[PDB]
Amino acid sequence: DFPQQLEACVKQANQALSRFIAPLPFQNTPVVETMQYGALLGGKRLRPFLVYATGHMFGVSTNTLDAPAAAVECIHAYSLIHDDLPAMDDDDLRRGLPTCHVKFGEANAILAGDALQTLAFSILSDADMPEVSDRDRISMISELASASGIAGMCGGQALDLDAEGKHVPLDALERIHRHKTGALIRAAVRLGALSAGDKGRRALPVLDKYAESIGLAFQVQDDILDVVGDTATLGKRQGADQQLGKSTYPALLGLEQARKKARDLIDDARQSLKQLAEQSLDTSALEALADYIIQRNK
Amino acid sequence: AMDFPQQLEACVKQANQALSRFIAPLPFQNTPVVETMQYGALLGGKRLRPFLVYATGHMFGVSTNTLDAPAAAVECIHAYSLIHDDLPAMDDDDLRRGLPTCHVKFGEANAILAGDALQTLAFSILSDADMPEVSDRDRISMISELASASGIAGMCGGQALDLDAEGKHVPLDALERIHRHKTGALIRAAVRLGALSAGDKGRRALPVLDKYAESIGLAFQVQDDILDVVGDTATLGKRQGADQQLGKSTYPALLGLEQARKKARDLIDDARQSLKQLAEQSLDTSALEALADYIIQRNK
Ligand SMILES: CC(C)=CCSP(=O)(O)OP(=O)(O)O
Ligand SMILES: CC(C)=CCSP(=O)(O)OP(=O)(O)O
Ligand SMILES: CC(C)CCOP(=O)(O)OP(=O)(O)O
Ligand SMILES: CC(C)CCOP(=O)(O)OP(=O)(O)O
Ligand SMILES: [Mg+2]
Ligand SMILES: [Mg+2]
Ligand SMILES: [Mg+2]
Ligand SMILES: [Mg+2]
Ligand SMILES: [Mg+2]
Ligand SMILES: [Mg+2]
């Protein structure tokens, strides 16, 4: 039952984040309230899911995986807070609630996003991960940083800002999505595998292919749902991309062709999972998620 | 012997070289966002935090080349913090380091992402850069420290209290709290990163180096408050009376100029008292003595 595994992942990840947010100073001040709101209230937690599902393949303990799970979700949550700001996408709705900058003001959203970024790295450097070597811990931190910064998520966000109003062609659009979305999703998978020493790293070339495909599919589905989704189901505004002239898969290719591309990427993702079930790994959660990425309505 | 003004410039040249070396391999060169990081990180600034890193590591025989990593890292964090600080939602400044601020020059969006990227870059340097005499444990401790000094327990927490204190004329203890977090934490991290580069010898010095750093840390910000009142815009690189314009809670606003000055003097008195304990173990404290003094003698 995949919806129960989602649900359980959400609960598990939220307690992980709360564990790491609890010892922080300034509890019940605006800025920290904004971090909790942005990190913990709503969300599918698909990236934590990727961390846990990857790590679980190699038999690493869930409790260990809480660290990298919470960390990728901190980067993710920070990314949404900034992405909603007036200078960026100017959204007032996210996860069925007023966005961070709307409820707490711009200054607090900005700072809460900054602080969440930093918390991702406190967690990866300070958290208990019993069976993870120092060298491996450094590799997780290195990967998360590269995936989140100008070579990954921030760099894609900048390609996205520059492509507003230009209706860039397919190759450039692929480049935007792979960076702004794909990179962090590949970091999730990679953090899961990096928790698992030699066997985890032996799976990386293939898990990489898997991650690059679901990562891109995830963003084209995000683009598709922006066009055809209900504001009430999505938790954020239908038509937000059209309204700003964002370059997207549906705007360029139309809906049918964009759905077709997302399906091609999941077919390919499934091929890469087929190679892992040959290294004796149980890919069942990673397959269910890959389907879910393009079948979901939120 | 020792000629502070040329050490300061050599440190700027060395830190800029280090920053540059870590930015060059990055993708999207000559695009608005990397232009914004380069502008905000490299064009001007005193590089006092890198000075702290270098000077501290040098006391323990640590190689300058190794120290380029933590030093560029603390300066990456510092630079990001300024870009976000000047934003219209924050301090709404149009002028820094003699030039238009990143948001005026590049747009708000580009300034937010440049800042975001510079923070991340800080952690990519500490995780990736070569640091041959530094152990894994010490590199993790460098990351953990920069992290807790940069976020809500340090610089960001400090910026949020600063923002909350606008128009609220907070008393001395709450003002000290603001300054120790928003400014102190990162200067202390520069010192800690220098010491952690030296492994065990550096760790044994931390209790004391912390006392030093805690005092120059606070001093830094009270002198920054004083300079906001009495400084020439053209010398500061930033607008005189910006604090007074936003109702910021500052040392001079609360205590007046004489008393803020005296508090800065007293904190450097204390900072140099701590450094005497380190010179007693035959560590050369002269560069940190000199910097402590420059922190309240400076006019920018
Ligand atoms: C926020 C980041 C880095 C990426 C996602 S793209 P987006 O602006 O389309 O995201 P939403 O549709 O706003 O959820
Ligand atoms: C920029 C950070 C984190 C702290 C310093 S306080 P400030 O806003 O007074 O600094 P400036 O005077 O704007 O340089
Ligand atoms: C497309 C994207 C990177 C922005 C939102 O991603 P998401 O649909 O996983 O958002 P949630 O965390 O709210 O589920
Ligand atoms: C007061 C403060 C922490 C912000 C500016 O610090 P600073 O005077 O070192 O600024 P520079 O990097 O421009 O020298
Ligand atoms: Mg958005
Ligand atoms: Mg966006
Ligand atoms: Mg979208
Ligand atoms: Mg300020
Ligand atoms: Mg300011
Ligand atoms: Mg100031």
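Within every chain, numbering begins at 1; the chains are lettered A, B, ... in the order of the sequence lines, protein sequences first and strands thereafter. Note that these values count all heavy atoms, side chains included, but never hydrogens, waters or copies made by symmetry. Order of appearance sets the numbers: ligands from 1, and atoms from 1 within every ligand.
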Undergrad: Please identify which of these residues, A/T118, A/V32, A/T29, meets the side-chain contact (heavy atoms from CB on, under 4.5 Å) condition with B/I152.
TA: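 Per the side-chain contact (heavy atoms from CB on, under 4.5 Å) rule, the option paired with B/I152 is A/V32, out of A/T118, A/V32, A/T29.
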Undergrad: Enumerate the residue pairs fulfilling side chain to side chain donor-acceptor pair (under 3.5 Å) with a member in residues 231-241 of chain B, sequence neighbours excluded, ordered by first and then second residue.
TA: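 Of all non-adjacent pairs touching residues 231-241 of chain B, those that pass side chain to side chain donor-acceptor pair (under 3.5 Å) are B/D94-B/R239, B/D224-B/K238.
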Undergrad: Residues two or more places apart in sequence or in another chain: which of them pass side chain to side chain contact (heavy atoms under 4.5 Å, CB included) with B/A242?
TA: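 Residues passing side chain to side chain contact (heavy atoms under 4.5 Å, CB included) with B/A242: B/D93, B/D228.
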Undergrad: Answer yes or no: is there a donor N or O on one side and an acceptor on the other, between the side chain of B/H78 and the main chain of B/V74, under 3.5 Å?
TA: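 No, B/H78 side chain to B/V74 backbone: no donor-acceptor pair under 3.5 Å.
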Undergrad: Hey, would you say the B/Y251 and B/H179 ring centroids sit under 6.0 Å apart?
TA: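 Yes; B/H179 has its ring centre under 6.0 Å from that of B/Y251.
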Undergrad: With a cut-off of 2.8 Å, how many protein N, O or S atoms neighbour the Mg ion (ligand 5)?
TA: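 For the Mg ion (ligand 5), the figure is 2.
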Undergrad: For residues 224-243 of chain A, which residue pairs pass the ring-ring contact (aromatic ring centres under 6.0 Å, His included) check, not counting sequence neighbours?
TA: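 Matches after skipping sequence neighbours: none remain.
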